[PDB]
Amino acid sequence: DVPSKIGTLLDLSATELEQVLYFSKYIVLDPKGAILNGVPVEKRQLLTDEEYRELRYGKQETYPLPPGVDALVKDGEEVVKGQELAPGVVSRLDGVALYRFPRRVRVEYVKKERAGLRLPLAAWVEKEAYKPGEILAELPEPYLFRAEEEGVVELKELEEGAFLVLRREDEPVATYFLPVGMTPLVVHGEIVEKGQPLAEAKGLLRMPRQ
Amino acid sequence: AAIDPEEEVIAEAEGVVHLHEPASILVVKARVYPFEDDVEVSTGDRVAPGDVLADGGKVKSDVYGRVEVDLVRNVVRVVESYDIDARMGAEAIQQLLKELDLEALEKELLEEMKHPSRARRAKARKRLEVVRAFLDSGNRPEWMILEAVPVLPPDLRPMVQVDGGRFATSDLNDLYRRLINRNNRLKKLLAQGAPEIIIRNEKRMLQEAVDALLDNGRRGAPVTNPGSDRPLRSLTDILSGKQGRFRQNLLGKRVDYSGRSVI
Amino acid sequence: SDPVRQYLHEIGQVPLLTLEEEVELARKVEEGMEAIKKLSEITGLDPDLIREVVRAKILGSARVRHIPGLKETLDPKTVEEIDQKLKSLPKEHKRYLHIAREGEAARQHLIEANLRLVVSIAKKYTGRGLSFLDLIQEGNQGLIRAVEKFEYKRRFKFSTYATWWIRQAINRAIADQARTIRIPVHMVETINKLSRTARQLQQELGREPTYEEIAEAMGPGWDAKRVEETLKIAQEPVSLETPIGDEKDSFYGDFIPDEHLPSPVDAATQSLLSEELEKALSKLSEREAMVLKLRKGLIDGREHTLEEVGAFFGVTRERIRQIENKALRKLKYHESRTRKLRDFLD
RNA sequence: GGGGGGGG
DNA sequence: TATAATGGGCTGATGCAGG
DNA sequence: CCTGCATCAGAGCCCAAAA
Numbered sequence: 107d108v109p110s111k112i113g114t115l116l117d118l119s120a121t122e123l124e125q126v127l128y129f130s131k132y133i134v135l136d137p138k139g140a141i142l143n144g145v146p147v148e149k150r151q152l153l154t155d156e157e158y159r160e161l162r163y164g165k166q167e168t169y170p171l172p173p174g175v176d177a178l179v180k181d182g183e184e185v186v187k188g189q190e191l192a193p194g195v196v197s198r199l200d201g202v203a204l205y206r207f208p209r210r211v212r213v214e215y216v217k218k219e220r221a222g223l224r225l226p227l228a229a230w231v232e233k234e235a236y237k238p239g240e241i242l243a244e245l246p247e248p249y250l251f252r253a254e255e256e257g258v259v260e261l262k263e264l265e266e267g268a269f270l271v272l273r274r275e276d277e278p279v280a281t282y283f284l285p286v287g288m289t290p291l292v293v294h295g296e297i298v299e300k301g302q303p304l305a306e307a308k309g310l311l312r313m314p315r316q
Numbered sequence: 369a370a371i372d373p374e375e376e377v378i379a380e381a382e383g384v385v386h387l388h389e390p391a392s393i394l395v396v397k398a399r400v401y402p403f404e405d406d407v408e409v410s411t412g413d414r415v416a417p418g419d420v421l422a423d424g425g426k427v428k429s430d431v432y433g434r435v436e437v438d439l440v441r442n443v444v445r446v447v448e449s450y451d452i453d454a455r456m457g458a459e460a461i462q463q464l465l466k467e468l469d470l471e472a473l474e475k476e477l478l479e480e481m482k483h484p485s486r487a488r489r490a491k492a493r494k495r496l497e498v499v500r501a502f503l504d505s506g507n508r509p510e511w512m513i514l515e516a517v518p519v520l521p522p523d524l525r526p527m528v529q530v531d532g533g534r535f536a537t538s539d540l541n542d543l544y545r546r547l548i549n550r551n552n553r554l555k556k557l558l559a560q561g562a563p564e565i566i567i568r569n570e571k572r573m574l575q576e577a578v579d580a581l582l583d584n585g586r587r588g589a590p591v592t593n594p595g596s597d598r599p600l601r602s603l604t605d606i607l608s609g610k611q612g613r614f615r616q617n618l619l620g621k622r623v624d625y626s627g628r629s630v631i
Numbered sequence: 078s079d080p081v082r083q084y085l086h087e088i089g090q091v092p093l094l095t096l097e098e099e100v101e102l103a104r105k106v107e108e109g110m111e112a113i114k115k116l117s118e119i120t121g122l123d124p125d126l127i128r129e130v131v132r133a134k135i136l137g138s139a140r141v142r143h144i145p146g147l148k149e150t151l152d153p154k155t156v157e158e159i160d161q162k163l164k165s166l167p168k169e170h171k172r173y174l175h176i177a178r179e180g181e182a183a184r185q186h187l188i189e190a191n192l193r194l195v196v197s198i199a200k201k202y203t204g205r206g207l208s209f210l211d212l213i214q215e216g217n218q219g220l221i222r223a224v225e226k227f228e229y230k231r232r233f234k235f236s237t238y239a240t241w242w243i244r245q246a247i248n249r250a251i252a253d254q255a256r257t258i259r260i261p262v263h264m265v266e267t268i269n270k271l272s273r274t275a276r277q278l279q280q281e282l283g284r285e286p287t288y289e290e291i292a293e294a295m296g297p298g299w300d301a302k303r304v305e306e307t308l309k310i311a312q313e314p315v316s317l318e319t320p321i322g323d324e325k326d327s328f329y330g331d332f333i334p335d336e337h338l339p340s341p342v343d344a345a346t347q348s349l350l351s352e353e354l355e356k357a358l359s360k361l362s363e364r365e366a367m368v369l370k371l372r373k374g375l376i377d378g379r380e381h382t383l384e385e386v387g388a389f390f391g392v393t394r395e396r397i398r399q400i401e402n403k404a405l406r407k408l409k410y411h412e413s414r415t416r417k418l419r420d421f422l423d
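What follows is the structure, encoded as structure tokens:
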């Protein structure tokens with residue numbers, strides 16, 4: 107009944123009184139220091155559902171990643187608005203990125219092994235330890251690294267560099283390390299005799315990166 | 369972990385874990401607060417900057433927000449957000465009406481009455497007429513909102529067996545039944561902790577049921593009997609109009625000791 | 078401005094779940110229930126009480142009320158007290174609290190994300206006597222039931238399980254609330270059956286079936302008498318405000334007389350009878366009339382039969398039956414002179 | 001979102 | 001209680017956002 | 001300030017009125 111009696115008392119328009127009574131909009135009793143779009147939320151302000159959700163529960167967004175495509179950012183990483191998340195995915199807001207469902211889990215297992223190697227003497231650089239990537243030796247001319255035991259070859263190839271393991275019966279008699287710059291001349295499951303070349307080492311040979 | 373013992377992924381030996389190919393990336397505007405020891409706030413609690421989160425007071429919150437406790441990542445997330453009080457419906461309005469000191473508003477509105485532009489004085493008058501109305505009368509504005517809804521005595525909305533043994537009933541009974549259902553259903557949805565979307569829908573339906581009972585058709589579509597276009601006759605409809613209570617049973621009546629014939 | 082459209086707009090603000098997300102929420106809800114079970118044992122509390130306390134903190138301060146069955150009035154004092162005992166748990170126990178919280182959070186999300194399913198089921202049930210929104214709310218009640226009973230391990234999609242409970246909930250709603258005169262759910266089912274049966278019979282026979290034709294089709298136990306009695310029960314009342322045609326100036330209720338309140342004549346008649354009735358028991362003697370008056374009662378209706386009269390009339394007990402006959406006998410003589418009471422025989 | 005066959 | 005099913009079918013009196 | 005301009009509540013009596 108216009109002018110609304112409730113409406114007149116509260117300084118609420120016809121539309122406003124409708125929106126609160128019929129659940130189209132919130133009206134704020136105690137802002138508790140909220141601020142929206144740069145201005146502080148003042149008591150008796152009307153909020154839409156979207157405004158209330160941004161205020162009350164915070165703002166967030168979820169971006170689909172094309173199947174098989176891996177993201178250009180890591181789980182937990184702070185992100186600016188506009189930063190590129192995936193080849194086809196661009197983030198719309200600042201905040202913490204969270205992985206939803208990793209399709210592939212890679213476990214890097216820790217291996218600590220004792221392996222031997224033989225090099226000329228004028229060609230090797232003396233160090234007490236070698237960091238990944240560090241130059242191990244420089245060969246004036248190509249050198250053939252030879253088997254020091256007879257056995258069948260168990261070949262284990264890394265990303266770069268290789269491991270080679272000779273065994274008689276099932277007991278490994280030797281563990282060799284082939285750095286980068288050393289090309290295996292034998293294949294897995296190959297029979298070798300003492301003194302035959304396993305790998306050619308040419309030029310500068312260095313620790314692999316991993 | 370998986371549904372059945374097979375297909376689980378168990379770590380073969382010592383190693384470190386890397387996550388790849390996520391289904392989607394969720395960007396949250398939030399602060400991350402890692403914790404080594406026990407965490408003292410559980411998830412869902414609301415928190416203000418400086419409030420102690422975990423590890424006996426070592427780690428605390430930088431923002432106002434909502435606690436998300438990640439037991440995998442071993443971190444307490446705080447999603448930036450406020451304890452803001454904002455409501456919908458007649459519940460909200462009844463509070464603001466309760467929170468009225470009419471004395472003060474009269475004072476305020478009188479000060480506005482000392483002002484040109486005529487319109488300022490005109491609107492302050494209309495407001496002041498409602499304020500003064502309540503003050504003299506003794507009515508509390510929050511009474512314009514119903515908590516208990518009255519139910520008219522039954523003989524005034526009868527269910528009677530007519531000649532044929534058939535039942536005839538007043539429309540008010542159907543309007544009340546709708547009301548009762550929605551009230552009862554609302555109580556159940558509350559006790560069962562339905563999401564706000566469901567409770568909001570029920571609450572707004574409840575307003576509509578009360579609205580049809582008091583004045584049907586006044587706001588929104590008129591409530592009708594199933595398979596009839598006839599608007600149900602509400603209390604407002606009963607009071608008013610040519611057929612209404614005043615012009616039919618009050619200002620004129622059928623009478624005894626009367627007759628009629630051709631002249 | 079349109080309540081249906083608004084609700085449709087609000088549901089559409091929650092994106093639908095992926096198979097992973099659907100399974101994730103379902104998983105979290107199940108695990109959370111297991112967590113609440115464990116917390117009862119450790120704490121010595123009640124799983125329902127624990128469930129409501131966990132649930133209160135997720136929804137917020139907005140919803141706090143007594144829940145039917147809980148032994149304690151649920152108010153901020155008791156939930157602070159009880160929450161502080163849960164937060165008083167050791168690290169390995171206190172973890173179970175966190176599980177329960179996230180279960181309630183996920184339950185909320187799962188329900189909200191399935192609301193569009195309920196709409197698509199309810200729209201097919203329109204026209205049975207419940208409004209669309211009433212059906213949605215009853216349908217939503219079933220959806221809530223479905224989330225609590227869902228076992229995600231079975232690998233069925235959620236939509237598959239939910240649909241059963243929602244259909245059940247709507248159908249129970251329609252059966253319970255659609256009639257002004259409420260009918261037991263099982264009886265409503267039988268009535269609907271007669272309709273289906275009769276509609277077949279009329280479609281094959283090319284004319285309306287008899288009670289007998291329906292009774293055969295219904296099988297054993299059914300005769301025409303039972304078909305007739307069931308339909309009577311199934312008759313819905315009609316509005317007193319139904320216009321009698323003309324629609325301008327006539328209501329059905331205006332033609333219904335009031336049979337309860339006595340008419341002026343009837344009230345007059347009953348008054349006249351009491352006055353002539355007392356003016357008659359006093360004309361023999363009040364006392365042998367008082368004994369008789371005591372046996373029937375002007376106002377009260379004090380007829381036993383033989384015992385009670387053992388006490389206070391003034392005589393012992395066989396005698397009052399006798400003075401009853403002579404009171405009635407003198408009355409009968411006294412009646413032939415003052416034969417004015419004949420006309421009250423109708 | 002307000003309305004109709006006859007008699008005066 | 002479990003294939004999956006996910007967004008409806010003619011007038012006058014008065015109080016208002018807008019040239 | 002004022003006007004378009006919108007939203008609401010009015011529209012004769014009694015008797016048959018054939019539902």
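Chains as they are written, first to last, in UniProt numbering: chain A, 107 to 316; chain B, 369 to 631; chain C, 78 to 423.
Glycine included, every Cβ here is placed at the ideal spot set by N, Cα and C.
In this structure, the straight-line span from the alpha carbon of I243(C) to that of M295(C) is close to 30 Å. Cβ neighbours of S410(B) within its own chain (closer than 8 Å, five residues either side excluded): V435, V437.
From the beta-carbon of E97(C), the residues of chain A found nearer than 7 Å are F207. By the rule that beta-carbons nearer than 9 Å mark a contact, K426(B) does not touch chain A. The beta-carbon distance between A253(A) and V298(A), rounded to whole angstroms, is 5 Å. This is short enough to meet the 8 Å contact definition. With a threshold of 9 Å between beta carbons, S197(A) makes contact with chain B.
Taking each of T346(C), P334(C), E401(C), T240(C) in turn and checking the Cα distance to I198(C), the smallest one comes out for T240(C). Taking a Cβ-Cβ threshold of 7 Å, the residues of chain A close to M456(B) are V126, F129, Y132, in chain order. The segment 187-205 of chain A makes no contact with the segment 479-497 of chain B: fewer than 3 CB pairs, one atom from each, lie closer than 8 Å. Annotation for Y401(B): the continuous beta strand (DSSP E) segment containing it runs 398-402. Taking C-alpha positions only, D406(B) is separated from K162(C) by approximately 16 Å.
The beta carbon of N217(C) falls within 9 Å of a beta carbon belonging to chain B, placing the residue at that interface.
Cβ proximity to chain B below 9 Å picks out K164, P167, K168, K171, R172, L174, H175, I176, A177, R178, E179, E181 from the segment 164-181 of chain C. A contact is defined here as three or more CB-CB pairs under 8 Å, and the segment 164-181 of chain C meets this definition with respect to the segment 124-140 of chain C. In this structure, the alpha-carbon of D253(C) lies about 7 Å from that of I260(C). Taking one beta carbon from each stretch, the segment 253-265 of chain A and the segment 293-310 of chain A have 3 or more pairs nearer than 8 Å; the two touch. If you check the CB distance, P594(B) and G585(B) do not come in under 9 Å. Under the Cβ distance rule, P124(C) does not count among the residues neighbouring chain A, no pair being separated by less than 9 Å. Nearest C-alpha to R525(B) among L547(B), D539(B), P518(B): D539(B). For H337(C), the secondary structure class from DSSP, reduced to helix, strand or coil, is coil. Along the segment 586-602 of chain B, going in chain order, the ones with a CB nearer than 7 Å to a CB of chain C are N593, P594, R601. At a cut-off of 9 Å between beta carbons, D176(A) makes no contact with chain C. Around the beta-carbon of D413(B), 16 or more other beta-carbon atoms lie within 10 Å, marking it buried. In this structure the segment 109-124 of chain C does not touch the segment 203-222 of chain C; the number of beta carbon pairs closer than 8 Å is below three.
Take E404(B), set aside five residues on each side of it, and no residue of its chain has a beta-carbon closer than 6 Å to its own. Think of a sphere of 8 Å around the beta carbon of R553(B): the chain C residues whose beta carbon falls inside it are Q214, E215, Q218, in chain order. Note: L250(A) is bridge-paired with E306(A) in the DSSP secondary-structure output. Chain-ordered listing is empty here: chain A has no CB closer than 7 Å to the CB of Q185(C), the nearest sitting near 12 Å. For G109(C), not one C-beta of chain B is nearer than 9 Å to its own C-beta. At a cut-off of 9 Å between beta carbons, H388(B) contacts chain A.
The beta carbon of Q529(B) is closer than 7 Å to those of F535 in its chain, skipping five residues each way along the sequence.
Cβ neighbours of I321(C) within its own chain (closer than 6 Å, five residues either side excluded): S327, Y329. Within the same chain, Cβ atoms closer than 7 Å to the Cβ of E122(A) are found at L152, the five residues on either side in sequence being excluded. Contact between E189(C) and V91(C) is confirmed by a C-beta separation of about 5 Å, below the 8 Å threshold.
The beta carbons of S449(B) and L161(A) sit closer together than 9 Å.
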